[PDB]
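Cβ: placed from backbone, ideal geometry, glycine included. Neighbour counts: every protein chain shown. Just so it is clear, none of the values below were taken in a lab; they were calculated from the coordinates.
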Number of protein chains: 6
Amino acid sequence: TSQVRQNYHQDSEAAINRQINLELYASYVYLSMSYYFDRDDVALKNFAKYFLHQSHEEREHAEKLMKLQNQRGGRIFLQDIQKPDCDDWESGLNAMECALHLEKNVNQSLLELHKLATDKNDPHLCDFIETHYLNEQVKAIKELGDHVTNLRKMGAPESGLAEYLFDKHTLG
Amino acid sequence: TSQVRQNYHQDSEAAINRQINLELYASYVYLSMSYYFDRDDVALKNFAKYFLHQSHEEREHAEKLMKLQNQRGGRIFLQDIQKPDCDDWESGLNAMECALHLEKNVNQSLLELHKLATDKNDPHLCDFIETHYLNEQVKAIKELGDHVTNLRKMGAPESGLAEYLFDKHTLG
Amino acid sequence: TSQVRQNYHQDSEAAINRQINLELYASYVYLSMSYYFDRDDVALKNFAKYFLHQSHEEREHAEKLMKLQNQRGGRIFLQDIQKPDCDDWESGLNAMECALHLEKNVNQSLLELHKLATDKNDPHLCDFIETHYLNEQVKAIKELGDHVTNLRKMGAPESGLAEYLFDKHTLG
Amino acid sequence: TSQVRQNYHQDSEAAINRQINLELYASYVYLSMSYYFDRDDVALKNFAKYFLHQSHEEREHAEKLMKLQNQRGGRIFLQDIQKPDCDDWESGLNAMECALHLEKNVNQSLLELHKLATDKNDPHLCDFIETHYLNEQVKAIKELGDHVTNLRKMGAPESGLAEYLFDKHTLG
Amino acid sequence: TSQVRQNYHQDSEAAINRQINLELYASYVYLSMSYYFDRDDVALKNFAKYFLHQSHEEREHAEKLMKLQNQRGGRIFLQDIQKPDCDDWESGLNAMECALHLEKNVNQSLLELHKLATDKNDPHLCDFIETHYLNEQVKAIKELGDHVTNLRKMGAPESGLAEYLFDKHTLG
Amino acid sequence: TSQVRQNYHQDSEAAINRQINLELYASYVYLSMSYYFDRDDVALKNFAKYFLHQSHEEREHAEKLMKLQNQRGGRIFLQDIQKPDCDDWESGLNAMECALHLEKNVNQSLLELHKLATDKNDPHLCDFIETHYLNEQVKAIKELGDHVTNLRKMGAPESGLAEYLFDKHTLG
Ligand SMILES: [Cl-]
Ligand SMILES: [Cl-]
Ligand SMILES: [Cl-]
Ligand SMILES: [Cl-]
Ligand SMILES: [Cl-]
Ligand SMILES: [Cl-]
Ligand SMILES: [Fe+3]
Ligand SMILES: [Fe+3]
Ligand SMILES: [Fe+3]
Ligand SMILES: [Fe+3]
Ligand SMILES: [Fe+3]
Ligand SMILES: [Fe+3]
Ligand SMILES: [Fe+3]
Ligand SMILES: [Fe+3]
Ligand SMILES: [Fe+3]
Ligand SMILES: [Fe+3]
Ligand SMILES: [Fe+3]
Ligand SMILES: [Fe+3]
Ligand SMILES: [Fe+3]
Ligand SMILES: [Fe+3]
Ligand SMILES: [Fe+3]
Ligand SMILES: [Fe+3]
Ligand SMILES: [Fe+3]
Ligand SMILES: [Fe+3]
Ligand SMILES: [Fe+3]
Ligand SMILES: [Fe+3]
Ligand SMILES: [Fe+3]
Ligand SMILES: [Fe+3]
Ligand SMILES: [Fe+3]
Ligand SMILES: [Fe+3]
Ligand SMILES: [Fe+3]
Ligand SMILES: [Fe+3]
Ligand SMILES: [Fe+3]
Ligand SMILES: [Fe+3]
Ligand SMILES: [Fe+3]
Ligand SMILES: [Fe+3]
Ligand SMILES: [Mg+2]
Ligand SMILES: [Mg+2]
Ligand SMILES: [Mg+2]
Ligand SMILES: [Mg+2]
Ligand SMILES: [Mg+2]
Ligand SMILES: [Mg+2]
Ligand SMILES: [Mg+2]
Ligand SMILES: [Mg+2]
Ligand SMILES: [Mg+2]
Ligand SMILES: [Mg+2]
Ligand SMILES: [Mg+2]
Ligand SMILES: [Mg+2]
Ligand SMILES: [Mg+2]
Ligand SMILES: [Mg+2]
Ligand SMILES: [Mg+2]
Ligand SMILES: [Mg+2]
Ligand SMILES: [Mg+2]
Ligand SMILES: [Mg+2]
Ligand SMILES: [Mg+2]
Ligand SMILES: [Mg+2]
Ligand SMILES: [Mg+2]
Ligand SMILES: [Mg+2]
Ligand SMILES: [Mg+2]
Ligand SMILES: [Mg+2]
Ligand SMILES: [Mg+2]
Ligand SMILES: [Mg+2]
Ligand SMILES: [Mg+2]
Ligand SMILES: [Mg+2]
């Protein structure tokens, strides 16, 4: 047992390891999305940059959870990082819709994590999740919803012109 | 009676209190408009910023009238600030059309106020209204008419692309 | 239903709309207070500035709640902003006592909002209220209590000298 | 009763006074530790500096709780600050082990305080404890565990060379 | 026996440990005083700042004596730091009168310490006390007497106005 | 078929996708290593920083291969990123030995990739591998061998002192 461990339930430790994997998975999804828009037959450079930045942010999310695990005296256990569900993301709109669904799924996992931390009376872990994850998620979900809405109203995915102009004006 | 009061008719005092309420009402209309465009299913960020700035300007209008009331020795009497007529503003074009109608209504109130000040031979109040309100109104009405015209010619409200591009190029 | 909405109870949405109205009401109370001290027969310029700044802060409070409503996928619904209970605030001490009572009332509303968010297991909303409102309120209540105490010990409201000197040394 | 007091349970007030005493006690323990390493027969200058800084941080912890007590309208009640359990701390490793045990004890007190604030539905006090104390404690406990581990692996306490080199490279 | 010890009497060593405790006690008295003036029903912010600074100075006094003990090869022995005699300090004037009495008591202890160092022919300890403590005490006693005098002549403690104005002009 | 594709064999395209996975795997190994040294019972902060930087470099390696795939008109196909072979890396020396073995394995894959590009007469791909990977690998392998050698000669893994001092002087 770790000399630093205090009020840190084994179930919370396990849940944190599951969350680490999920954040790394989200990083992988956004990495895949990014280079889809770098294809010569897609060629939306600011979509590509946007998703690559999101990919890097998700890796930071994972790293901060790994730091937390050690801070509390838990032990990191890593799993395979599953490949993303799509190889082909079809359109800027469809990728944004997938990212929205991804972020809502990660949010649900974080909310279940917070419920567990609450049930185990772990206020430090509750505050950690609230402080570093829950509002980040709300902002990410809101931004992706905003993007989806604009692309739809602009005429995407049918209008390749719309995706092009969104790439320049919103993501550029 | 106030030691500063001079040539300030009771009717003018009352009219100034009515104008204070109207300016606060205009501030509220623009506040509502602003956050309509912040909705995830509308998502026109520069419409939102534009109307929020207009909201703040209207509050300044109200404050300067409250200052005038005290400068002249009248007594401020506040009324409820009525909620705006619309919860849903439908489109960027429709919001601009509503703001145009609002500004023309506030202008009419200011012109009636000026007629009263003229009838009561209050040149200080006439100059105050002319100096700080009447040309501000003309410029605001002209700008909103310009915006309405551009949105119409661009294809709004049917073209969500038009509202998007107007948001970036004129309001951005 | 909003594409961004997740774990956001209809009751919380309604409570947030009620809180928006209350913050706008507080802004109106402080606006009224401010210009009372700008009257030529009151003439406490730093009381006036202090309350005007508080008025502007309350509008910011309202705006941040409107932003939150949209972030979470709720829909803003505005109500009339009621006029303040007093036209005449009588003295610097009495205005500070009224502001203290106002802030304690707004605090109670925020604490009921937090209880609801807790009952609905909304940790994001709990953190939002804690982060942006609850300590702001505690600090505001403490500052107003401090001011009330000083004015009382100085001899207010009987001593117009006390209110004058407090205006210069504490609010100036 | 205090004019500022709102939703602040008498039990919480008492618990905050107990925590104030404990933080002052921790300040005293670290003060004692510091000057032990300033002895001519111990002479580890960076151990001494490290613990003196920790001592000053604990006094700041106490002061912020005294500020909180007044912010919420409770009344500070001070008790004797007990002398530390050890006059002689024996070795750099043993002092770090004692500081680790101290911080875990203070953490437990803070977690009991948070449970009480939760039971009394005091979200402001919960947020205060989370924001200013609980992660500070986790970081302090982790750092002391790190230090203990390094000193042990280096060969302390038997190796006076290890304590000397740790003083220069980690604490210097 | 310490390798550095020279001409340092066991009685002086013990007296220095007693003085360390007394300086820490004075630090505690001023800490208590400080937060009394931070109460919402007292609310003299510059009294609070003044006494908090005095508290920090007393801790520095204690630390320099702990340094001296080690410099001379004595061994620090700590005792409980007794809580201050008053929880309620009643008025700015009464707190200043108590601080004056405190400083005169600490001065008497220092003068007895100096007599002992003289009797034991310890010129280094005599010079240390003279250099770092005796004139600091005289200046502190003179300043507190000055403050008491001004508060009395101003009309304190009856005049809450006097304490308020002293807070701004002398302590501000 | 891609409009940009020229002299790019399907076998090379597949090999590049295999290399992408391997570089992401190496990133994961170094991520795991990094946080092993962040454990409170290991606590070698510069080992942790060193491996985290290596992790980030490997992700850059992967990204540049994804860019190459698109530049040449191939299509990225991602696979699961396998978890690292070790959860526990035991010692600084053992982690360096594992990283050395990892880099030699990645080098072998790159050399097989280069042989394939040579056999398919793809000089652009040969130059890409030589320019951006092969000397990076040689330098990485040499540096890790240097580190292993120093740790062994210093007395690792038995000497926890050696690993501590290596952490400060070579990795610090
Ligand atoms: Cl970054
Ligand atoms: Cl402005
Ligand atoms: Cl502001
Ligand atoms: Cl500090
Ligand atoms: Cl200092
Ligand atoms: Cl880089
Ligand atoms: Fe970022
Ligand atoms: Fe994430
Ligand atoms: Fe998808
Ligand atoms: Fe789903
Ligand atoms: Fe995310
Ligand atoms: Fe403007
Ligand atoms: Fe206006
Ligand atoms: Fe309208
Ligand atoms: Fe009309
Ligand atoms: Fe207007
Ligand atoms: Fe402010
Ligand atoms: Fe507010
Ligand atoms: Fe009132
Ligand atoms: Fe009431
Ligand atoms: Fe407020
Ligand atoms: Fe610090
Ligand atoms: Fe502490
Ligand atoms: Fe101990
Ligand atoms: Fe214990
Ligand atoms: Fe501590
Ligand atoms: Fe000083
Ligand atoms: Fe002293
Ligand atoms: Fe006393
Ligand atoms: Fe006495
Ligand atoms: Fe003193
Ligand atoms: Fe590098
Ligand atoms: Fe590589
Ligand atoms: Fe290995
Ligand atoms: Fe092998
Ligand atoms: Fe490598
Ligand atoms: Mg992002
Ligand atoms: Mg375990
Ligand atoms: Mg699979
Ligand atoms: Mg909570
Ligand atoms: Mg936050
Ligand atoms: Mg304008
Ligand atoms: Mg009248
Ligand atoms: Mg109505
Ligand atoms: Mg003009
Ligand atoms: Mg304020
Ligand atoms: Mg609804
Ligand atoms: Mg009414
Ligand atoms: Mg929180
Ligand atoms: Mg906060
Ligand atoms: Mg510290
Ligand atoms: Mg009580
Ligand atoms: Mg005892
Ligand atoms: Mg925090
Ligand atoms: Mg002093
Ligand atoms: Mg002895
Ligand atoms: Mg006692
Ligand atoms: Mg002499
Ligand atoms: Mg001198
Ligand atoms: Mg490298
Ligand atoms: Mg193919
Ligand atoms: Mg496996
Ligand atoms: Mg070449
Ligand atoms: Mg080269």
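Structure notes:
- Exercise: per-residue mean of other protein chain Cβ atoms within 10 Å, B:29-41: 6
- Neighbour-count order for D:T1, C:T149, E:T131, fewest beta carbons within 10 angstrom listed first: D:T1, E:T131, C:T149
- Projected onto its three principal axes, the C-alpha set of chain C covers 59, 27, 23 Å, listed from the longest axis down.
- 0 to 90° range, to nearest 10: angle between helix F:45-71 axis and chain F longest Cα axis: 0
- Chain E, dipole about Cα centre (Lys/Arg Cβ +1, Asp/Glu Cβ -1), debye to the nearest 20: 520
- Between helix B:135-154 and chain B: long-axis angle, C-alpha atoms, 0 to 90°, nearest 10: 10
- The slack between C:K139 and C:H101, meaning 0.36 nm per residue of separation minus the straight C-alpha distance, is 12.3 nm.
- Volume of the convex hull of the protein assembly as shown (Cα atoms only), normalised per residue: 187 Å³.
- From its DSSP helices (H runs of at least four residues, each -39,500 (n - 2.57)), chain D gives a residue-normalised ellipticity at 222 nm of -24000 deg cm²/dmol.
- In degrees, nearest ten, helix A:10-36 long axis to first principal axis of chain A (Cα): 20
- Dipole axis of the range B:1-78 (+1 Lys, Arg; -1 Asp, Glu on Cβ), positive-most option in B:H56, B:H9, B:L44: B:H9
- Legend: Rg and Dmax of the range D:39-100, from Cα coordinates, 15.7, 49 Å.
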